[PDB]
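Here's a solo chain for you in structure tokens, the form deposited in one PDB entry.
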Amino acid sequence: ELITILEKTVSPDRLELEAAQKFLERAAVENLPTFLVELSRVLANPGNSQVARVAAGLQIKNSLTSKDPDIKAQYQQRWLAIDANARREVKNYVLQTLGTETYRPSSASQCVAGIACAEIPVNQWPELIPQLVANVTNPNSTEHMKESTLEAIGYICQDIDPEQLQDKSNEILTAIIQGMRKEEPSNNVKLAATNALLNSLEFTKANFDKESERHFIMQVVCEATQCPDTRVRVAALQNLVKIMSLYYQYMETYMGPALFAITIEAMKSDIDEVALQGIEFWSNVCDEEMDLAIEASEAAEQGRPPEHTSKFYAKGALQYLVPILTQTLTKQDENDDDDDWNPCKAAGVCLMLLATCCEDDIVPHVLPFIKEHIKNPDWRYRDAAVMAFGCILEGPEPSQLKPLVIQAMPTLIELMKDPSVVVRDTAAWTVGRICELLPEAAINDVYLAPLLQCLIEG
């Protein structure tokens, strides 16, 4: 009746779930070896319902790991203490299920990784990595076979201490690229591979130090950003974001001859999830460069900047990013809500990051758009104009930031009575931010005060 209780795990009745949980915990205590062997058999049988197979897989996986590092160490020890023949049984059934699950995220992959993290560091599953590599490269492997193991490979690299699997990183990377490469026919496979790479980025630190291999990884990622499938593009762009955060110093050779145009193209995409990542790429560059600046701000001293080399990519792309960002502030539907997380909202966030990142050069680049659309009949452009103005009030020294008083203010006040509610709300937002900056430009006692007073009512 193991399948019966596993079937109860999806029931909404607490009484059913508790009964199922109590039954599962007891079986684990009673005889872990037989429990895990049977669970692996339920997992391996494509005749079982998805609920039964996934529940069995998670039971096995949760017996090998824990969010608690001590419990995990004990679980890994508990597994290693199991009869090696029984473990071979669980391992066989688990590997054999790769390619037999008709549902996307597979559960065998997690089991493979759970057991791998416990056995590899003691060198006990020497056939694992070679088998997985062959599953991916074999020309006759099915799409499910490829996805399943790519997921597993990525999980392994994301979960084991790097140190324990380096002896095979090159072979692992090769399988991942094979699954990512253009020639691979299935987008589901390309997705699984691109996701596996992302989950494995931190594990591939050593490889990133090898120029030849570093070139190949950037090779496949950039190419993947050109894949017709939107999901693969997004995942590939996400890899670039993560790479810029983990390997900032190796980007010189790729920024300009490749990254720049790819991310710029993504930002302009009409596919929201794609534009979001293209935008995040640059918002992320601002976050990394702002750190390299807080780091460099070491006229406190102890040598030269740690290993800081802010190459100011943001400053260099600014002239191209702004017109794209301000234009994006225009993309708002009649059904969009003020706080939906969409390209329009991301552009605002990116603009502000550029505002503090390149404290001055923004004003010159944004003002033209503000002046051209601050009165545009189309509220989208009108709103974009007001929003942009407010995105540059944080960074530029108030001295230069006085083009709010003269020209802005009067119009910013009128726009608060705009027929469009979107425009009104954004106007208020902008005006409110101006009140915060005014004291910086204190210039005029008993005039800065009364203004703030009156303004406040608004």
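The term rigid core refers to the most C-alpha atoms you can superpose between the two forms while keeping them within 1.5 Å. Just count from 1 along the sequence shown to find any residue number.
Not pictured, yet referred to below: the form deposited in another entry.
Colleague: Superpose on the rigid core, then report which one of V422, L415, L64, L393 has a CA displacement of at least 2 angstroms between the shown form and the other one.
Modeller: None of the others reach 2 Å, which leaves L64.
Colleague: Do you see a C-alpha shift of 2 Å or more at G99 between the shown form and the other one, with the core held fixed?
Modeller: Yes, the C-alpha position differs by at least 2 Å between the shown form and the other one.
Colleague: Aligned on the rigid core, do the two forms place the Cα of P257 2 Å or more apart, comparing between the shown form and the other one?
Modeller: It does not reach a 2 Å shift.
Colleague: For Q74, is the CA shift between the shown form and the other one at least 2 Å following rigid-core superposition?
Modeller: Result for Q74: yes, a 2 Å-plus shift.
Colleague: Quick one: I434 and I443 C-alpha atoms, closer or farther in that other deposited form compared with this form (3 angstroms or more)?
Modeller: Their C-alpha distance shrinks by at least 3 Å in that other deposited form.
Colleague: Assuming the CA distance changes by 3 angstroms or more, are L354 and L452 closer together or farther apart in that other deposited form compared with the shown structure?
Modeller: They are farther apart; the C-alpha distance rises by 3 Å or more in that other deposited form.
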